[PDB]
Amino acid sequence: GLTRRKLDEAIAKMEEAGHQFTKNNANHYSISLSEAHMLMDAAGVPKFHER
DNA sequence: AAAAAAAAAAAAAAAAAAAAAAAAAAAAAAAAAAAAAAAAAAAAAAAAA
């Protein structure tokens, strides 16, 4: 449920760190499930409890 | 000479079998539906006119 602009904001906040968004056989960003968790953990979306 | 008694006979009654008829069951189809499998059109990502 993250709009494209929100997801680009999240990856602009995240990617400059040491993390690399692992790509599959192609360049397509193959964000692992844990990668997605971390991304939206620090993306700024409050959890169902922390909100 | 005639009567009665005795003996060798047809007709009716009872039981079983073979013809046929109807219904039900096994089967043996030609047709359809559902599920499965083998390709395809908008969106997304990175390096470069």
# chains A, B, ... in the order shown; residues from 1 in each chain; ligands from 1

call {"tool": "interface_residues", "arguments": {"of": "chain A", "to": "chain B", "cutoff": "12 Å", "atoms": "only C-alpha atoms (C1' of nucleotides)", "output": "VMD selection string"}}
result
chain A and resid 4 23 to 24 26 to 30

call {"tool": "select_by_dssp", "arguments": {"residues": "chain A", "states": "helix (DSSP H, G or I)", "output": "short mmCIF file (atom, residue, chain, number, x, y, z; two decimals) with N, CA, C and O atoms, in the first residue's frame"}}
result
data_model
loop_
_atom_site.label_atom_id
_atom_site.label_comp_id
_atom_site.auth_asym_id
_atom_site.auth_seq_id
_atom_site.Cartn_x
_atom_site.Cartn_y
_atom_site.Cartn_z
N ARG A 4 4.10 4.89 -5.36
CA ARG A 4 5.42 4.91 -5.98
C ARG A 4 6.31 6.00 -5.40
O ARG A 4 7.47 5.73 -5.05
N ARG A 5 5.78 7.20 -5.22
CA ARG A 5 6.59 8.28 -4.65
C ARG A 5 7.02 7.94 -3.23
O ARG A 5 8.18 8.18 -2.86
N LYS A 6 6.12 7.40 -2.42
CA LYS A 6 6.49 7.00 -1.07
C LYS A 6 7.56 5.92 -1.08
O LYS A 6 8.49 5.94 -0.26
N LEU A 7 7.47 4.95 -2.00
CA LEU A 7 8.48 3.89 -2.04
C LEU A 7 9.83 4.40 -2.52
O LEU A 7 10.88 3.97 -2.02
N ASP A 8 9.84 5.34 -3.47
CA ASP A 8 11.10 5.98 -3.86
C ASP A 8 11.67 6.82 -2.72
O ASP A 8 12.89 6.87 -2.56
N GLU A 9 10.82 7.49 -1.95
CA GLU A 9 11.31 8.19 -0.77
C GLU A 9 11.95 7.21 0.21
O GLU A 9 13.04 7.47 0.75
N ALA A 10 11.29 6.08 0.45
CA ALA A 10 11.83 5.08 1.36
C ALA A 10 13.18 4.56 0.88
O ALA A 10 14.13 4.45 1.67
N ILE A 11 13.30 4.26 -0.42
CA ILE A 11 14.56 3.72 -0.91
C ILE A 11 15.62 4.81 -1.07
O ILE A 11 16.82 4.51 -1.05
N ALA A 12 15.21 6.07 -1.18
CA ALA A 12 16.16 7.18 -1.12
C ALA A 12 16.71 7.35 0.29
O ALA A 12 17.85 7.77 0.46
N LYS A 13 15.87 7.10 1.29
CA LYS A 13 16.32 7.15 2.68
C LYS A 13 17.19 5.95 3.04
O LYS A 13 18.08 6.06 3.90
N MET A 14 16.93 4.79 2.44
CA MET A 14 17.61 3.55 2.81
C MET A 14 18.87 3.27 1.99
O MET A 14 19.94 3.01 2.56
N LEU A 33 12.12 -10.71 1.15
CA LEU A 33 11.05 -10.49 2.10
C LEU A 33 11.56 -9.73 3.32
O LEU A 33 10.95 -8.75 3.77
N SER A 34 12.70 -10.17 3.87
CA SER A 34 13.35 -9.43 4.95
C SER A 34 13.78 -8.04 4.49
O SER A 34 13.73 -7.08 5.26
N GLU A 35 14.23 -7.93 3.23
CA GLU A 35 14.58 -6.61 2.70
C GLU A 35 13.37 -5.69 2.72
O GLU A 35 13.48 -4.52 3.09
N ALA A 36 12.21 -6.21 2.33
CA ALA A 36 10.98 -5.41 2.35
C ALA A 36 10.62 -5.02 3.78
O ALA A 36 10.22 -3.88 4.04
N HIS A 37 10.71 -5.98 4.71
CA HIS A 37 10.47 -5.66 6.11
C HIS A 37 11.35 -4.51 6.58
O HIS A 37 10.85 -3.55 7.17
N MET A 38 12.66 -4.60 6.35
CA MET A 38 13.56 -3.53 6.79
C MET A 38 13.21 -2.21 6.13
O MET A 38 13.15 -1.15 6.79
N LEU A 39 13.01 -2.24 4.81
CA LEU A 39 12.65 -1.06 4.04
C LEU A 39 11.48 -0.33 4.68
O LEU A 39 11.56 0.86 4.98
N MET A 40 10.37 -1.04 4.91
CA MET A 40 9.21 -0.37 5.46
C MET A 40 9.28 -0.19 6.97
O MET A 40 8.51 0.59 7.53
N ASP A 41 10.20 -0.89 7.65
CA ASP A 41 10.43 -0.64 9.06
C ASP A 41 10.98 0.76 9.26
O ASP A 41 10.49 1.52 10.10
N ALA A 42 12.00 1.12 8.48
CA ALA A 42 12.60 2.44 8.62
C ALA A 42 12.10 3.43 7.58
O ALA A 42 12.61 4.55 7.51
#

call {"tool": "atom_distance", "arguments": {"atom1": "atom CA of residue A:47", "atom2": "atom CA of residue A:32"}}
result
19.5 Å

call {"tool": "decode", "arguments": {"residues": "stretch 17-28 of chain A", "atoms": "N, CA and C atoms", "output": "PDB file, in the first residue's frame"}}
result
ATOM      1  N   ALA A  17      22.788   3.793   2.419  1.00  0.00           N
ATOM      2  CA  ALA A  17      23.494   3.034   3.440  1.00  0.00           C
ATOM      3  C   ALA A  17      24.178   1.829   2.796  1.00  0.00           C
ATOM      4  N   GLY A  18      24.746   0.958   3.631  1.00  0.00           N
ATOM      5  CA  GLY A  18      25.494  -0.170   3.110  1.00  0.00           C
ATOM      6  C   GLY A  18      24.640  -1.190   2.391  1.00  0.00           C
ATOM      7  N   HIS A  19      23.323  -1.138   2.575  1.00  0.00           N
ATOM      8  CA  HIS A  19      22.451  -2.139   1.982  1.00  0.00           C
ATOM      9  C   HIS A  19      22.449  -2.009   0.465  1.00  0.00           C
ATOM     10  N   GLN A  20      22.365  -3.147  -0.214  1.00  0.00           N
ATOM     11  CA  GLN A  20      22.157  -3.207  -1.653  1.00  0.00           C
ATOM     12  C   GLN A  20      20.892  -3.999  -1.949  1.00  0.00           C
ATOM     13  N   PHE A  21      20.034  -3.458  -2.809  1.00  0.00           N
ATOM     14  CA  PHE A  21      18.814  -4.166  -3.181  1.00  0.00           C
ATOM     15  C   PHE A  21      19.231  -5.229  -4.187  1.00  0.00           C
ATOM     16  N   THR A  22      19.295  -6.476  -3.728  1.00  0.00           N
ATOM     17  CA  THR A  22      19.751  -7.567  -4.579  1.00  0.00           C
ATOM     18  C   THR A  22      18.846  -7.749  -5.792  1.00  0.00           C
ATOM     19  N   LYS A  23      19.468  -7.869  -6.957  1.00  0.00           N
ATOM     20  CA  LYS A  23      18.760  -8.034  -8.214  1.00  0.00           C
ATOM     21  C   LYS A  23      18.710  -9.516  -8.560  1.00  0.00           C
ATOM     22  N   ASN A  24      17.658  -9.913  -9.270  1.00  0.00           N
ATOM     23  CA  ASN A  24      17.571 -11.288  -9.749  1.00  0.00           C
ATOM     24  C   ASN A  24      18.423 -11.491 -10.997  1.00  0.00           C
ATOM     25  N   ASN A  25      18.209 -12.600 -11.712  1.00  0.00           N
ATOM     26  CA  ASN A  25      18.885 -12.869 -12.979  1.00  0.00           C
ATOM     27  C   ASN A  25      18.936 -11.644 -13.887  1.00  0.00           C
ATOM     28  N   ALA A  26      17.935 -10.778 -13.765  1.00  0.00           N
ATOM     29  CA  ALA A  26      17.873  -9.495 -14.444  1.00  0.00           C
ATOM     30  C   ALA A  26      18.086  -8.364 -13.446  1.00  0.00           C
ATOM     31  N   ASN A  27      18.180  -7.147 -13.977  1.00  0.00           N
ATOM     32  CA  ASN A  27      18.402  -5.984 -13.130  1.00  0.00           C
ATOM     33  C   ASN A  27      17.220  -5.667 -12.220  1.00  0.00           C
ATOM     34  N   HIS A  28      16.054  -6.264 -12.468  1.00  0.00           N
ATOM     35  CA  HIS A  28      14.861  -5.987 -11.678  1.00  0.00           C
ATOM     36  C   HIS A  28      15.136  -6.157 -10.191  1.00  0.00           C
TER      37      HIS A  28
END
